[PDB]
Structure formats: C-alpha cells, structure tokens
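Some notes on the structure that comes next.
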There are 2 protein chains.
Amino acid sequence: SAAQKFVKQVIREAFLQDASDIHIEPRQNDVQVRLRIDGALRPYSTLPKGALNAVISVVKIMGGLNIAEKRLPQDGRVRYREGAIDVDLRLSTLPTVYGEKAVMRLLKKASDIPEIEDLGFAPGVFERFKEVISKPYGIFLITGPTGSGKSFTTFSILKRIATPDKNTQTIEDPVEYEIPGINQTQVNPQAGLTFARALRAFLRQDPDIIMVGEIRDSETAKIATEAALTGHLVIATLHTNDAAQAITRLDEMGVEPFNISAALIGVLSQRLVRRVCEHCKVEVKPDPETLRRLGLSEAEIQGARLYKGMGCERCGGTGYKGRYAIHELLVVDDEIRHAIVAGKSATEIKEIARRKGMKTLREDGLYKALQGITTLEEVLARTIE
Amino acid sequence: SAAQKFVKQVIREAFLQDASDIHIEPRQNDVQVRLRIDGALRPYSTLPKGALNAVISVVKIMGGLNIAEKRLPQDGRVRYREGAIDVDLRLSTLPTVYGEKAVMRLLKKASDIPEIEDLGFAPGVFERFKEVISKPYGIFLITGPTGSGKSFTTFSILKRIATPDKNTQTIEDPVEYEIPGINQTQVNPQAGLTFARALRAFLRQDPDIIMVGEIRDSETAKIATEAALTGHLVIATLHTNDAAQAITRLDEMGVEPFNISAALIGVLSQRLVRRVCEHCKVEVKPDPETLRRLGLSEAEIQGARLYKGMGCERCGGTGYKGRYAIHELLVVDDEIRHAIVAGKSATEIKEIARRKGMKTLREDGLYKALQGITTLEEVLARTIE
Ligand SMILES: Nc1ncnc2c1ncn2[C@@H]1O[C@H](COP(=O)(O)OP(=O)(O)OP(O)(O)=S)[C@@H](O)[C@H]1O
Ligand SMILES: Nc1ncnc2c1ncn2[C@@H]1O[C@H](COP(=O)(O)OP(=O)(O)OP(O)(O)=S)[C@@H](O)[C@H]1O
Ligand SMILES: [Mg+2]
Ligand SMILES: [Zn+2]
Ligand SMILES: [Zn+2]
C-alpha cells in the first residue's frame, strides 16, 4: 500500500494536469517517474531501486497483467475511478535492462456513444454497412488492433438495432457503458461464468440480438457461430488486423468452414488516425507519383490536396486534436462464401472482395486525408502491413 | 405474496394473449417486464427495483432452482396449473449487471399442431407440397431460422402420413411434443446418444418414416441421406436462408452430390409473418410505383387489396394479431437433379426451380399481403427476397 498509494497519487496528479502519459522507468540506482505535459516529459518523482517490483505489481493488478511474467511485454487497460477522477489508462509493461518499465497512457474522456451516422463512414461504405447490420441474423465481426475503437462502434450499432420488440443480450469483459434498453452480463471467472458458459445460457434466454464482447476461445467461437446459424443476430469482436484474416482466424479456432460460410454476414476492420487541427491547418501539395502509387485514379490526381497541422497549443504539440476512424468493410456475398468453403487464403478473399467494390483502409484513409481530416502519414502508419 | 400475485397474473396474461415468452428484466432504476407475442416483444409492466429478488424467488421455487446462487445461470421445468391453466413452463435465470433476469417460456402441446390444410399454403403450392410428402421414400428438408414454424410443419406432416401400417421413428433434441402414434427418442449427450448414433440404430429398427430434428454435424447429414437412399422416407430440419441453399449446405457438410440428387424429394423454406388484426383492419390504397419495383405486374396491382391494422386493445396497439406462414417449396425434378451433380450453385438451382414453378419467400409473402392476410412491411422485414 506504500506502492498502491504512490500509484494512485501519480494518476491523480496526472489527471489534474491533463498529462497524456506516465512513465515508470528503472535506472541503475533508482526508479525515475515522468509525466508528459504539453508534449514533453517532466521529472515527477524518484523511487528507490527496491521499490520497483512493488509498484509494477500494483499497475499489473490494475490492468490484469501477469506478475510472474517479466521476460515479455504486456499491454492492458485500466478503467480507473477513484472519486472525482475517472480516467481510462492504456497500460504497457516492458522488460528493460534495469527491470520492468511501465507506461500508462491517459485516454481522452470517452464522451457518449454516437449515432451510426456520426461514426465517420464514407457515404458509399456507409450504405453497405447499414445493410449489413439490418439483417435478421448471422454474425457480424468487428476487428482491429488494441484500441481501434471496436467496442465504441459496437455500441453505436446496438444503439440503432436494439429496438423494444427485440431482446438484446450482451456478454462483456468488462462491461463498459450503461446503455438502456438492453441486458448486459459481465464475465465472472471467479464464479465460473465464462464467455462460453454465458453464451450457452443466452440461447435459453429467448434472444434476438447477441453481442459477444470478445472471442478468444474455440468454445465461444463455436457457440456464437451456431447462434448466428439458428437465427439470432450476433455482433462480436476479434483482434485481427485484416478483415479477411478474421475468417481465417475463425477456422483456426475450430469453426467448420461451412458454418463460417453460412453464418458470416461481413467483417469490419477499422483504425484510428489522429485528426489535424482545424486552426493551424495548411495546404500541402502531394507528389502525383505518390498518389498514383496509392491506387488513386489519374483524373482525380489534379484536385490533389493534402493537409497538415503546423501546430499551436490548441493542439499542444502535434498538429493534431481528436481522432477519426478508418474502415474497410468486407461484405460477404455469394462469391466470397464460395471462396471460404473452398480452400481460401485471406489474400484471395480480399481481392475477391475488392473486386465487387470493397474499399480498403488505405483507400478509405487516403480519401479522408484528401479532405483534411488526417495527414497521409497517419494513414500510412495505420495501414502498413 | 405480492410477488406471488405478480407471477400468477403475468402467466395468466401470457396464456390468454398467446405469448411465447415472459421476460423479467432488471434495469438501472426499475424492473421491466415484456411479453413476446407473435414473435415481437411487447411492454407488459414495470416493477419497482426492490421487488426483483422476491419475484425471482417465486420463479426459482417453481422450477426448483437454487436461491443462494445468483452468479450463475439456472434452468428448470414446471407444469403450471392455476384455475383452468395447464401449461408446461421452461424457466431460465441469468445474472445481469442489475441482477438476475428471468425468462419463462410457455410450451405448446400436440393439440396445437395443425392439419396440413391449415398450414397456410397457397392453393398452387399446396398440391405440390402434398405430392412431396406422399412419396414412399426420399429425404425432405424443412429449412429456415428458429421460430419459423419448422416443427409445426414437421408434425403436421407426420399427423397426415404416420399411419398405423408404418414405423415412424423420431430423433430429437429435445423432444418437444408428445405425439400419439409415433416413436420418439431424445438426444442424450451424457449417455453418448448422438443424433448420428441414434440414427445408426434406427436402420436396424425396421423404420418407414424417419424424422431428424436437426442436422448439425457432417456424419448425421450423411446417414440421413443414406437412409433416404435405401428406401426410407426422411423428414429433417436444416438452417438456410433459402430452399436452394439446403442442397448446397449438404454438399458443404460432406454429402456426395450424387447422393443428394438421388435422395432429395424437396426443400421447404419457411418464415412466419404477422396477421393483420381484424379489429383494426383498415383498407389502404396501394401505391403502384412502389408495387412495381417490387416485381408485381400491372394485372396484380389491380385486384390488390392491401390492409393495415390501426392499433387496438385486442392487438396491443401493434396492428397485428396472430401469425401466418410464407412458403418457398423446392420440388426436385430431373433438371434440378442434373444441376445438383455437375455442382451448380444455389443461385443456379434457385433459378431453375423458379422457372419450373417455385414461388420465392418474397413472392408467397406478396401474394398473401395482396389478400390482406398480412401487411407489406412484414413481408419485406421477413424476406431478403
Ligand atoms: N470513431 C472514433 N472516433 C474517435 N474516437 C474513438 C472512436 N472510437 C473509439 N474512440 C476512442 O478511442 C478509444 C478506443 O476504445 P475502444 O473503442 O474501446 O477500443 P477497442 O478497440 O474496444 O479497444 P480494446 O477493447 O481495449 S482492445 C476510446 O477512448 C474511444 O473513446
Ligand atoms: N403455420 C403457422 N401459422 C401460425 N403460427 C405458427 C405456424 N407454425 C408455427 N407457428 C407458431 O410459431 C411457433 C414456433 O414454431 P415452431 O415450428 O415450433 O418453430 P421452429 O423454430 O420453426 O422449429 P423448432 O426449432 O424445431 S421448435 C409455434 O410454437 C406456433 O406458436
Ligand atoms: Mg472492447
Ligand atoms: Zn493547431
Ligand atoms: Zn387490433
């Protein structure tokens, strides 16, 4: 609790300062602590060398990390409420030559779950998206790397489709949000209430819409798929970078390809790019050759404006305030499941979908960058694979 | 006794309203109770939040569930008798963030099962339906999501064709109705009595008619087809959005296409639409332009009498009371047989079937909406065409 009270004092003073990050760094003879204020790291405090393991355990408990594991990096998430400071923290631990270093990123205050029309879909992709989630049943997968806005998009969907004539039931680890009109159930491993234990009880609970917060079992993948097969609408998340790899991911978790093919409505992969500041924004002229290589049509290449923030402190550092989302939406059709039943590659499906008109993250990112929402760099950074 | 009084009333009201399920839902500041009627959830009442644990208690006593346990789902069965009420109830309790939700399902009986004349078949389809079930051997598939009326149709058929000169054998998970005249067997995991293990045994039981409640696995799909092949009549349920996809799905499940083309009598795809309440029923002047994009001809727009129910006390305000089935009946002939082998797609099969006389779900829906059985939107909400 010497350790616990230090950790809680740091997060507090980080919150009140509007600090973005907190670094706990072992050194040769001490542990330095630093806070990023207005873009720069500042010295907060100094802990003795022996104090290291104590503190690292406290933040590991907070994010559900493994204490025993010290040779490998771990990431986690901390929903932190103590009194008047509620901040969500992104947690990172890293093996360092002097012991384990921890970094906690203070996330922007979430605000409220938006309507479907304010998620930042391209006008064209939006219509196909609205058609995927309006379907009576089947499973709709939302994927992306840690913190790409999966849960946020998921609840925006539920906000739309969970009508009083339906039973919307939810399994989450943990439950975020107090969204009305639906029933929410949190995973309890203490009790024995796993994802699969719950998901099987849900089938005896007369559901219409099932939201599976996370699929990380074979049991869960199988049950969610059969729920989609028998006539329920399932929304679930995976942690996969490619929309097509989500299909392959399910094959690996033990789902029969013919069941994947019969239930899957589509897969949404998204990213978050920083938004350029509207105030210190400037026009930039792109190398036509770059645009060309990015698959942008010649005949579109003359309008040709890209944008970037030089910076003020409405931005702080950066030229960026806020984040926006990037999407590629794999809508399953007669030909795609016609590729899943056959031996597939994620690769083959992707271009089988691109033809038929599927717009890719980079294409989606590029086009929003052409609007001055984001830089081309942020777009490239998120789509490099 | 106040919680006893509530449970008594809500089951009484569900019974008289023909309600599938009672939902008792803990929410943030109250308890909400919903009735599913005609497949649609409907608000029944609100309880004050501190009355939850008394009500759940009554429900648990009925089904012999543990009161102490509130962290894990529970399941029960009760034969409920109050006044003249005699219903079997299936009880489900499930922990949510605001406490345990309860679902009580009102179960049907054999007496509720219709005669095939009352299944709602259009006159042209009904004559073909009859010729399909009156064949000596082959496999007949009934497909669609849960709550489509698959079991009602199945046993309706067995009421007409399980005459006393034949052995009529059933494998079910679970056995729902107790039917006179036929032999029924329930799937039992704990003993190892699979669908496939049961079905293997049926072939040494001198059967005539075989009913497979559900085809989930690849082995069951093969043995049921084999049993059809050798000279037995097989009625089985599958989940597909479409009659033609039942062919493709058997393929995907591993059945040899030459075996499918050899054994398959036909497929029935089925949905349930809501009937227009006839205490609200008000005639509505059709819009021709909207009836033209919907593939209806000029002749059909004449002789078109649409209706919509202007909500009343008897329909709970919905404008609907009762349900009705819409049908897509694929009847296998030689051309469909040659297309099943030669591995044509479901879309190819479907277009063959229609040219040969098959009405799609949408078309059967539209046809009955023009009779004022149901409304247009119900047809559009229950069919992706
Ligand atoms: N479309 C969006 N635009 C801007 N910010 C967003 C958007 N979606 C999410 N965010 C924010 O970004 C953070 C991402 O949180 P989530 O939406 O929960 O991400 P996630 O993919 O669920 O991440 P996990 O669950 O930790 S792997 C939250 O702080 C959201 O406020
Ligand atoms: N032809 C019909 N017309 C009107 N209501 C019907 C009809 N068939 C079924 N129903 C109602 O719909 C409910 C569900 O029908 P079921 O046949 O039991 O459902 P199913 O999901 O299609 O088949 P299962 O999963 O093996 S019970 C029945 O219990 C009846 O209340
Ligand atoms: Mg999440
Ligand atoms: Zn700026
Ligand atoms: Zn009415």
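Identifiers for the structure tokens are assigned positionally: chains receive A, B, ... in sequence, residues are indexed from 1 per chain, and ligands are indexed from 1 in the order shown.
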Fit chain B to chain A, using all C-alpha atoms paired in sequence order for the least-squares superposition, and then show me the result as a compact mmCIF listing (two decimals) with C-alpha atoms, in the first residue's frame.
# COMPACT_ATOMS: atom_id res chain seq x y z
CA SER B 1 4.05 12.40 -0.01
CA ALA B 2 6.44 13.50 -2.72
CA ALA B 3 5.73 10.14 -4.40
CA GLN B 4 2.08 10.67 -3.63
CA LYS B 5 2.37 14.12 -5.23
CA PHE B 6 3.92 12.64 -8.37
CA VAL B 7 1.27 9.94 -8.83
CA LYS B 8 -1.48 12.50 -8.23
CA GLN B 9 -0.02 14.82 -10.91
CA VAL B 10 0.72 12.24 -13.64
CA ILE B 11 -2.82 10.77 -13.46
CA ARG B 12 -4.21 14.31 -13.50
CA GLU B 13 -2.13 15.07 -16.60
CA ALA B 14 -3.05 11.76 -18.28
CA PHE B 15 -6.73 12.43 -17.68
CA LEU B 16 -6.63 15.92 -19.28
CA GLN B 17 -4.51 14.74 -22.17
CA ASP B 18 -6.72 11.78 -23.04
CA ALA B 19 -3.96 9.32 -22.29
CA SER B 20 -4.51 5.57 -22.68
CA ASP B 21 -1.73 4.49 -20.33
CA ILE B 22 0.88 5.77 -17.86
CA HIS B 23 4.30 4.00 -17.97
CA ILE B 24 6.65 4.20 -15.01
CA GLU B 25 9.92 2.63 -16.20
CA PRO B 26 13.06 1.80 -14.14
CA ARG B 27 16.12 2.41 -16.29
CA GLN B 28 19.87 2.26 -15.65
CA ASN B 29 20.44 5.65 -14.05
CA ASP B 30 16.96 7.05 -13.69
CA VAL B 31 13.23 6.42 -13.95
CA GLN B 32 11.41 7.40 -17.12
CA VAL B 33 7.74 8.14 -17.26
CA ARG B 34 5.79 7.94 -20.53
CA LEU B 35 2.17 8.75 -21.49
CA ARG B 36 0.53 6.92 -24.35
CA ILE B 37 -1.51 9.54 -26.17
CA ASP B 38 -3.35 8.78 -29.44
CA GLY B 39 -1.68 5.35 -29.28
CA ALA B 40 1.86 6.83 -29.33
CA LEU B 41 4.11 6.88 -26.31
CA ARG B 42 5.33 10.33 -25.28
CA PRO B 43 7.91 11.43 -22.72
CA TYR B 44 6.32 12.84 -19.58
CA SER B 45 9.14 13.20 -17.10
CA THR B 46 12.19 11.67 -15.48
CA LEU B 47 12.48 10.72 -11.83
CA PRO B 48 15.73 10.26 -9.83
CA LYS B 49 16.53 6.55 -9.50
CA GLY B 50 16.10 6.38 -5.71
CA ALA B 51 12.48 7.49 -5.99
CA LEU B 52 11.30 4.32 -7.71
CA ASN B 53 10.33 2.29 -4.67
CA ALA B 54 8.29 5.09 -3.12
CA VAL B 55 6.28 5.59 -6.33
CA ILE B 56 5.68 1.85 -6.90
CA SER B 57 4.58 1.73 -3.28
CA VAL B 58 1.86 4.39 -3.89
CA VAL B 59 0.70 2.55 -7.00
CA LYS B 60 0.55 -0.74 -5.13
CA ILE B 61 -1.44 0.69 -2.19
CA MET B 62 -4.01 2.02 -4.70
CA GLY B 63 -4.61 -1.42 -6.19
CA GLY B 64 -4.07 -3.40 -3.00
CA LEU B 65 -0.95 -5.17 -4.23
CA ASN B 66 1.74 -6.69 -2.02
CA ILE B 67 4.75 -4.43 -1.35
CA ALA B 68 7.03 -7.24 -0.17
CA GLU B 69 6.76 -9.14 -3.46
CA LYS B 70 9.00 -7.58 -6.15
CA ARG B 71 9.91 -10.74 -8.07
CA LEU B 72 6.50 -11.54 -9.58
CA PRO B 73 4.07 -9.45 -11.65
CA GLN B 74 0.93 -8.09 -9.87
CA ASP B 75 -2.51 -6.77 -11.01
CA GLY B 76 -5.11 -4.45 -9.51
CA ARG B 77 -8.11 -2.28 -10.13
CA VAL B 78 -8.81 1.09 -8.45
CA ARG B 79 -11.61 3.63 -8.80
CA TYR B 80 -9.57 6.84 -8.71
CA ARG B 81 -11.12 10.08 -7.41
CA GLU B 82 -9.15 13.34 -7.00
CA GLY B 83 -10.86 16.71 -7.33
CA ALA B 84 -13.33 16.21 -10.17
CA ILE B 85 -11.54 13.12 -11.57
CA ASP B 86 -13.53 9.86 -11.62
CA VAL B 87 -11.66 7.10 -13.51
CA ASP B 88 -11.33 3.36 -13.26
CA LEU B 89 -7.65 2.38 -13.30
CA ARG B 90 -6.08 -0.94 -14.18
CA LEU B 91 -2.68 -1.37 -12.42
CA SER B 92 0.20 -3.63 -13.50
CA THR B 93 3.58 -4.15 -11.77
CA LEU B 94 6.37 -6.18 -13.42
CA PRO B 95 9.99 -6.85 -12.38
CA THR B 96 12.67 -5.59 -14.74
CA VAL B 97 16.46 -5.65 -14.44
CA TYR B 98 16.41 -2.17 -12.79
CA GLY B 99 13.33 -2.72 -10.64
CA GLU B 100 9.60 -2.96 -11.08
CA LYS B 101 7.90 -1.22 -13.97
CA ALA B 102 4.34 0.03 -13.44
CA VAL B 103 1.59 0.54 -15.96
CA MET B 104 -1.70 2.26 -15.16
CA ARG B 105 -4.41 2.13 -17.77
CA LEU B 106 -7.14 4.77 -17.80
CA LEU B 107 -10.41 2.95 -18.63
CA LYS B 108 -13.26 4.37 -20.70
CA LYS B 109 -17.00 4.44 -19.86
CA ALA B 110 -20.28 3.86 -21.75
CA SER B 111 -20.65 7.65 -22.14
CA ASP B 112 -17.49 7.73 -24.27
CA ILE B 113 -19.13 5.39 -26.79
CA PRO B 114 -20.14 7.30 -29.93
CA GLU B 115 -23.31 7.34 -32.03
CA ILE B 116 -22.77 5.44 -35.33
CA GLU B 117 -22.98 8.85 -37.12
CA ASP B 118 -19.75 9.84 -35.30
CA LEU B 119 -17.68 6.78 -36.15
CA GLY B 120 -15.98 8.47 -39.06
CA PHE B 121 -17.53 6.59 -41.96
CA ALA B 122 -17.24 8.13 -45.41
CA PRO B 123 -20.75 8.92 -46.75
CA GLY B 124 -20.76 6.08 -49.31
CA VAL B 125 -19.60 3.44 -46.85
CA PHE B 126 -21.85 4.70 -44.06
CA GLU B 127 -25.09 3.98 -45.94
CA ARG B 128 -23.89 0.41 -46.52
CA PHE B 129 -22.73 0.04 -42.95
CA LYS B 130 -26.20 1.04 -41.82
CA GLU B 131 -27.84 -1.47 -44.14
CA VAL B 132 -25.56 -4.16 -42.79
CA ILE B 133 -26.42 -3.66 -39.10
CA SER B 134 -30.14 -3.26 -39.69
CA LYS B 135 -30.62 -6.82 -40.96
CA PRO B 136 -32.73 -9.20 -38.81
CA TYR B 137 -30.22 -12.03 -38.53
CA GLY B 138 -26.77 -13.12 -39.62
CA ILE B 139 -23.25 -12.76 -38.31
CA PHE B 140 -21.33 -9.48 -38.71
CA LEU B 141 -17.61 -9.49 -38.01
CA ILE B 142 -15.47 -6.59 -36.80
CA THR B 143 -11.74 -7.31 -37.42
CA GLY B 144 -8.37 -5.67 -36.86
CA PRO B 145 -5.66 -5.57 -34.19
CA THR B 146 -6.06 -4.41 -30.62
CA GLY B 147 -6.54 -0.67 -30.21
CA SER B 148 -8.30 -0.40 -33.57
CA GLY B 149 -11.63 0.67 -32.13
CA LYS B 150 -13.41 -2.72 -32.39
CA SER B 151 -15.29 -2.34 -29.08
CA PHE B 152 -16.21 1.29 -29.69
CA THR B 153 -17.74 0.31 -33.02
CA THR B 154 -19.48 -2.75 -31.53
CA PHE B 155 -21.25 -0.86 -28.78
CA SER B 156 -21.94 2.11 -31.06
CA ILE B 157 -23.88 -0.42 -33.15
CA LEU B 158 -25.66 -1.86 -30.09
CA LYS B 159 -26.62 1.70 -29.02
CA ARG B 160 -28.56 2.05 -32.26
CA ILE B 161 -29.99 -1.50 -32.59
CA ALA B 162 -30.51 -2.92 -29.10
CA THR B 163 -34.03 -1.49 -28.86
CA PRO B 164 -36.27 -2.65 -25.90
CA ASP B 165 -38.32 -5.14 -27.96
CA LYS B 166 -35.24 -7.33 -28.37
CA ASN B 167 -33.06 -9.50 -26.12
CA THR B 168 -29.49 -8.29 -26.48
CA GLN B 169 -26.99 -10.73 -24.95
CA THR B 170 -23.26 -10.30 -24.48
CA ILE B 171 -20.31 -12.61 -23.74
CA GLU B 172 -17.11 -10.83 -22.84
CA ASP B 173 -13.57 -11.32 -21.56
CA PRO B 174 -13.66 -9.06 -19.76
CA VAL B 175 -16.79 -6.90 -19.59
CA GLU B 176 -15.30 -3.45 -20.14
CA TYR B 177 -18.19 -0.97 -20.14
CA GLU B 178 -21.44 -1.22 -18.23
CA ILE B 179 -24.10 -0.72 -20.90
CA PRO B 180 -27.75 0.18 -20.13
CA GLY B 181 -30.45 -1.78 -21.96
CA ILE B 182 -28.49 -4.92 -22.64
CA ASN B 183 -27.51 -8.11 -20.84
CA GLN B 184 -23.81 -8.70 -20.32
CA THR B 185 -21.93 -11.78 -19.19
CA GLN B 186 -18.25 -12.13 -18.42
CA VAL B 187 -16.07 -15.14 -19.28
CA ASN B 188 -15.00 -16.99 -16.12
CA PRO B 189 -12.22 -19.64 -16.41
CA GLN B 190 -12.22 -20.57 -12.75
CA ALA B 191 -15.92 -21.59 -12.95
CA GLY B 192 -15.56 -23.05 -16.44
CA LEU B 193 -17.66 -20.38 -18.13
CA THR B 194 -16.03 -20.41 -21.57
CA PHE B 195 -17.01 -18.32 -24.57
CA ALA B 196 -18.41 -21.56 -26.04
CA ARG B 197 -20.12 -22.65 -22.86
CA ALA B 198 -21.74 -19.21 -22.44
CA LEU B 199 -22.80 -19.04 -26.08
CA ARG B 200 -24.44 -22.52 -25.88
CA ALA B 201 -26.51 -21.22 -23.00
CA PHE B 202 -27.53 -18.10 -24.93
CA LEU B 203 -29.40 -20.27 -27.38
CA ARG B 204 -31.77 -21.36 -24.58
CA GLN B 205 -32.12 -17.76 -23.45
CA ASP B 206 -34.37 -16.56 -26.30
CA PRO B 207 -31.89 -14.08 -27.74
CA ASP B 208 -32.26 -11.62 -30.65
CA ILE B 209 -28.88 -9.94 -30.82
CA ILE B 210 -25.74 -11.80 -29.70
CA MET B 211 -22.37 -10.16 -29.10
CA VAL B 212 -19.24 -12.29 -29.02
CA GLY B 213 -16.37 -10.25 -27.63
CA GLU B 214 -13.74 -12.45 -29.22
CA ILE B 215 -13.63 -15.58 -31.35
CA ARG B 216 -10.46 -17.45 -30.27
CA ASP B 217 -11.28 -21.15 -30.45
CA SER B 218 -12.76 -23.36 -33.13
CA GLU B 219 -15.89 -24.33 -31.15
CA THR B 220 -16.94 -20.73 -30.48
CA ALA B 221 -16.51 -19.91 -34.14
CA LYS B 222 -18.90 -22.72 -35.06
CA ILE B 223 -21.61 -21.94 -32.46
CA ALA B 224 -21.72 -18.23 -33.31
CA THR B 225 -22.09 -19.07 -36.98
CA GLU B 226 -24.86 -21.60 -36.09
CA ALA B 227 -26.67 -18.97 -34.05
CA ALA B 228 -26.47 -16.61 -36.99
CA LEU B 229 -27.75 -19.36 -39.29
CA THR B 230 -30.89 -20.17 -37.33
CA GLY B 231 -32.14 -16.57 -37.22
CA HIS B 232 -30.19 -14.46 -34.77
CA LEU B 233 -28.10 -11.37 -35.26
CA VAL B 234 -24.53 -11.91 -34.17
CA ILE B 235 -21.84 -9.26 -33.77
CA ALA B 236 -18.41 -10.77 -33.18
CA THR B 237 -14.77 -9.68 -33.13
CA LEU B 238 -11.97 -11.39 -35.00
CA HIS B 239 -8.27 -10.58 -35.64
CA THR B 240 -7.30 -10.30 -39.30
CA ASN B 241 -5.25 -7.86 -41.29
CA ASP B 242 -8.03 -7.57 -43.83
CA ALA B 243 -11.81 -7.85 -44.21
CA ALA B 244 -11.55 -10.77 -46.64
CA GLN B 245 -9.28 -12.78 -44.32
CA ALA B 246 -12.09 -12.98 -41.72
CA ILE B 247 -13.86 -15.30 -44.14
CA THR B 248 -10.75 -17.39 -44.66
CA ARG B 249 -9.96 -17.46 -40.96
CA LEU B 250 -13.40 -18.91 -40.05
CA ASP B 251 -12.67 -21.56 -42.65
CA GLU B 252 -9.24 -22.26 -41.16
CA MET B 253 -10.86 -22.35 -37.75
CA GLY B 254 -13.19 -25.18 -38.92
CA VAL B 255 -16.45 -23.51 -39.95
CA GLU B 256 -18.12 -25.18 -42.95
CA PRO B 257 -17.84 -22.75 -45.90
CA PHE B 258 -21.52 -23.31 -46.77
CA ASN B 259 -22.32 -22.18 -43.26
CA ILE B 260 -20.14 -19.10 -43.66
CA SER B 261 -21.71 -18.15 -46.98
CA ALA B 262 -25.12 -18.63 -45.45
CA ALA B 263 -24.73 -16.68 -42.26
CA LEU B 264 -22.25 -13.93 -43.04
CA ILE B 265 -23.79 -10.43 -43.41
CA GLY B 266 -20.42 -8.67 -43.74
CA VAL B 267 -16.97 -7.87 -42.37
CA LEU B 268 -15.54 -4.60 -41.06
CA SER B 269 -11.79 -4.18 -41.02
CA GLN B 270 -10.74 -1.18 -38.93
CA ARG B 271 -7.67 0.92 -37.94
CA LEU B 272 -7.12 4.16 -36.04
CA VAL B 273 -5.17 7.05 -37.57
CA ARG B 274 -4.09 10.21 -35.77
CA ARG B 275 -5.89 13.49 -36.51
CA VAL B 276 -3.89 16.54 -37.52
CA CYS B 277 -3.68 18.95 -34.62
CA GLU B 278 -5.50 22.09 -35.71
CA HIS B 279 -3.36 24.56 -33.80
CA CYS B 280 -0.38 23.39 -35.85
CA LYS B 281 -2.22 22.60 -39.02
CA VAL B 282 -0.34 24.01 -41.98
CA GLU B 283 -1.37 23.27 -45.58
CA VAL B 284 1.20 21.37 -47.63
CA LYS B 285 1.53 21.40 -51.41
CA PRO B 286 1.01 17.76 -52.52
CA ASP B 287 3.64 16.00 -54.63
CA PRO B 288 1.78 14.59 -57.71
CA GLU B 289 4.39 11.96 -58.57
CA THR B 290 4.21 10.47 -55.10
CA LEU B 291 0.40 10.68 -55.25
CA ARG B 292 0.48 8.75 -58.53
CA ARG B 293 2.38 5.71 -57.34
CA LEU B 294 -0.19 5.77 -54.59
CA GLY B 295 -3.10 4.76 -56.81
CA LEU B 296 -4.73 8.18 -57.09
CA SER B 297 -6.03 9.51 -60.38
CA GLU B 298 -5.45 12.91 -61.95
CA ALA B 299 -8.85 14.21 -60.81
CA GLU B 300 -8.12 13.23 -57.22
CA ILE B 301 -4.72 15.03 -57.16
CA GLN B 302 -6.65 18.20 -57.90
CA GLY B 303 -9.13 18.85 -55.07
CA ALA B 304 -6.48 17.40 -52.79
CA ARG B 305 -5.79 19.48 -49.73
CA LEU B 306 -3.04 17.95 -47.60
CA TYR B 307 -2.03 19.16 -44.13
CA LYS B 308 0.66 18.49 -41.58
CA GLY B 309 0.75 19.74 -38.03
CA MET B 310 3.76 21.86 -37.12
CA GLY B 311 4.06 20.75 -33.46
CA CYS B 312 2.58 22.87 -30.64
CA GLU B 313 2.04 22.90 -26.88
CA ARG B 314 -1.46 21.45 -27.37
CA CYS B 315 -0.31 18.45 -29.45
CA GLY B 316 2.80 17.81 -27.37
CA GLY B 317 4.94 18.60 -30.40
CA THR B 318 3.68 15.61 -32.40
CA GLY B 319 1.58 17.52 -34.88
CA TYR B 320 -1.35 15.27 -33.97
CA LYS B 321 -4.24 15.45 -31.55
CA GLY B 322 -7.00 12.83 -31.34
CA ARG B 323 -7.73 9.81 -33.49
CA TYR B 324 -9.96 8.86 -36.42
CA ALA B 325 -11.10 5.52 -37.84
CA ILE B 326 -10.41 4.19 -41.32
CA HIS B 327 -12.71 1.55 -42.69
CA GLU B 328 -12.81 -1.40 -45.00
CA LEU B 329 -16.39 -2.70 -45.16
CA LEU B 330 -17.00 -6.03 -46.94
CA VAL B 331 -20.72 -6.43 -47.70
CA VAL B 332 -21.58 -10.03 -48.60
CA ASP B 333 -23.69 -10.47 -51.73
CA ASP B 334 -24.40 -13.52 -53.92
CA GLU B 335 -21.11 -13.48 -55.86
CA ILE B 336 -19.11 -13.30 -52.63
CA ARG B 337 -21.36 -16.15 -51.39
CA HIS B 338 -20.54 -18.35 -54.37
CA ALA B 339 -16.86 -17.56 -53.92
CA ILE B 340 -16.92 -18.36 -50.23
CA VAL B 341 -18.15 -21.87 -51.10
CA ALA B 342 -16.02 -23.09 -54.03
CA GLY B 343 -13.14 -22.17 -51.64
CA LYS B 344 -11.75 -19.06 -53.32
CA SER B 345 -8.82 -17.33 -51.59
CA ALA B 346 -9.05 -14.16 -49.51
CA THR B 347 -7.28 -12.29 -52.32
CA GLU B 348 -9.93 -13.51 -54.80
CA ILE B 349 -12.75 -12.52 -52.42
CA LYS B 350 -11.17 -9.10 -51.82
CA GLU B 351 -10.97 -8.34 -55.55
CA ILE B 352 -14.58 -9.33 -55.91
CA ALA B 353 -15.60 -7.10 -53.03
CA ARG B 354 -13.71 -4.08 -54.41
CA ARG B 355 -15.18 -4.50 -57.88
CA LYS B 356 -18.53 -4.55 -56.17
CA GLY B 357 -17.83 -1.34 -54.28
CA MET B 358 -15.51 -1.94 -51.30
CA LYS B 359 -12.91 0.65 -50.39
CA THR B 360 -9.71 -0.79 -48.93
CA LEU B 361 -8.14 0.49 -45.68
CA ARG B 362 -5.51 2.35 -47.70
CA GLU B 363 -8.12 3.96 -49.96
CA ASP B 364 -10.34 5.07 -47.07
CA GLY B 365 -7.14 6.43 -45.43
CA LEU B 366 -6.03 8.31 -48.55
CA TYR B 367 -9.56 9.70 -49.04
CA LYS B 368 -9.52 11.18 -45.54
CA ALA B 369 -5.93 12.42 -45.77
CA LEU B 370 -7.09 14.43 -48.81
CA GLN B 371 -9.71 15.97 -46.50
CA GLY B 372 -6.92 16.93 -44.10
CA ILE B 373 -8.37 14.75 -41.36
CA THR B 374 -5.03 12.97 -41.12
CA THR B 375 -1.69 13.05 -42.82
CA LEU B 376 -0.33 10.83 -45.56
CA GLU B 377 2.33 8.98 -43.53
CA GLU B 378 -0.22 7.91 -40.87
CA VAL B 379 -2.22 6.29 -43.64
CA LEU B 380 0.91 4.57 -44.90
CA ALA B 381 2.01 3.54 -41.39
CA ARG B 382 -1.40 2.09 -40.54
CA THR B 383 -2.03 0.23 -43.77
CA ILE B 384 0.03 -2.38 -45.63
CA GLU B 385 -2.73 -1.43 -48.18
Expected answer as a PyMOL selection string: helix (DSSP H, G or I) residues in range 145-292 of chain B: chain B and resi 150-161+189-191+195-202+218-230+244-252+257-263+290-292
Range 36-259 of chain A: residues DSSP assigns to strand (DSSP E), reported as a PyMOL selection string: chain A and resi 36-37+40-48+74-82+85-96+99-107+138-143+168-172+183-186+209-212+233-238
